[PDB]
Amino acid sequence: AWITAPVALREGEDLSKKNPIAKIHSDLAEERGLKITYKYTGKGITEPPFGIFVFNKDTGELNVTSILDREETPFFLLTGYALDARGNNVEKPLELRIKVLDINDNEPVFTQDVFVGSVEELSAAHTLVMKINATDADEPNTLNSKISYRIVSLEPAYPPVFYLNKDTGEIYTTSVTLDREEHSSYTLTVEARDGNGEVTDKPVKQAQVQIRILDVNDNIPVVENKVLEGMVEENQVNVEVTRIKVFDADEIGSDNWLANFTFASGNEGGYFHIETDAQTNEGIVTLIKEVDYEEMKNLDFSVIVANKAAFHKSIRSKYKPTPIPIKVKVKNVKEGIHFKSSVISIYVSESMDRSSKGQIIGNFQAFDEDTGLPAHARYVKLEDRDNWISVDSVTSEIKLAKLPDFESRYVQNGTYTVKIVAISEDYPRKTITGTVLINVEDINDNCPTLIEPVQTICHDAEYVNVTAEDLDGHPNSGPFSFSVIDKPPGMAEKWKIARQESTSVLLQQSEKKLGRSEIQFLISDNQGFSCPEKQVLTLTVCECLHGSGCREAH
């Protein structure tokens, strides 16, 4: 059938000047002579929003009542009827579309009053940072809804490092590089415009953007101290040598900023310890060992600075680790007298051919440690158990009082020890102790003698144990060599040697007669030496009844 021409009406205006906007009518009223009542139905009449359209039952004319708004109603598809007096259709109901024409009656508005994004420092060009957005409620795919995003102002404005795509709202990084040390945070006011995106004096909606620039370790540390010299006193420990103040441009607090240290050379002795003070970013070096001013050790050392986190690839190999030298000066302190060595060893001999009672054999001179010169003092002897030595009270010269005896009970590991003290003149009177190590030469002045030359065994005895004693130390005692001699003749076969050891021997009589024998030995040193005295063993073999010692009278 025929399509009824649709009606066009503009939004947001009074349309009373266009009424009636439409009129339906049947030719069955005049030609066929029937009273027909017209009525419409549809959105705006029988459906919401109500009270938009009204109609005359008799004429069939249409009427606009209110102002249309296409943002709420894009079109009205209402239908007209022609009814008889009863209420039935005399004509097939027609559809009449009413199109509402768009007008640009609402501005683009941002989804947020404030946008926030972040981008890393030294980012490549055209790196997407973030994206802003807005919406326009007007007719889609028309200039009334085409948004154009623009940058109003910027901080710190110059230079420009952000490009705002006006069509997409995307923000990119430009070809100018970002440097956080130049500008950490960018705050930016944007704008959204309607139509053709033409900048006019019209006040349009605007939001703000806040971009935070992230940090990278692209700045090498630098020492700020003018004078770099350490300072410690003598005989001190756990003291502050120096504080190495270092500057770093990167983000304060971060591992990209935190100073970090390593000894290059000079601390092989382990005299220093270094650690970074994270609050002042100072390298704290301290003494972990006492130093003697007089020994005059050079404690100078060198150190290398870097960041706790590695350097950015952007700056690597542009960095050469150059060791930073640090001289350290030491303070002298009045210490008073001392000995050039706490212990001294003087070597003496047991023989008279070199050692003699009353010969000088050394001194224990006390020096003033500060000036290193000999100081006037009063020396005194100490703990001389067997009175081997004499100490002069003034000159400190030491001389023997006896001939040393290596075999003495007071000698241990071949040494005879003696303490001595020295006292200074004037105040404050200081007392220092010394030690002398008297190493006595062991000479072979002892020969192997029997400890039990006379003894008496049982008849059931299995063997006899002969044992010797040479008080001499190695090698002047060592293993003995035993030798039983044939005196009287035949006896050498009567008394055999079964087993021998280093200082003893086992002896077995073959025939096993019961009586006393005089058995001479020649027991010789490891050097071959032997006693002038004859080593004789008087052994009496007795008849032992079990339990008892020896038989009686019978």
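From 1 onward, residues are counted along the sequence shown.
Of the two stretches examined, 316 to 324 and 119 to 127, the record assigns the greater average C-alpha temperature factor to 316 to 324. Legend: mean Cα B-factor per stretch from the PDB entry, 196 to 204 versus 430 to 438; the higher mean is in 196 to 204. Per the PDB entry, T417 shows the highest C-alpha temperature factor of the residues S302, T417, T449, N238.
In this structure the maximum Cα B-factor among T79, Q365, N465, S349 is found at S349. Per the deposited record, the Cα B-factor of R385 falls in the highest third when ranked against the other modelled residues of its chain. Per-chain ranking of the deposited C-alpha B factor places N88 in the middle third.
Annotation for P48: C-alpha temperature factor in the middle third relative to the rest of the modelled chain, per the entry. The PDB entry assigns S502 a C-alpha temperature factor belonging to the highest third of its chain's modelled residues. Ranked by C-alpha B-factor against the other modelled residues of its chain, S342 falls in the highest third.
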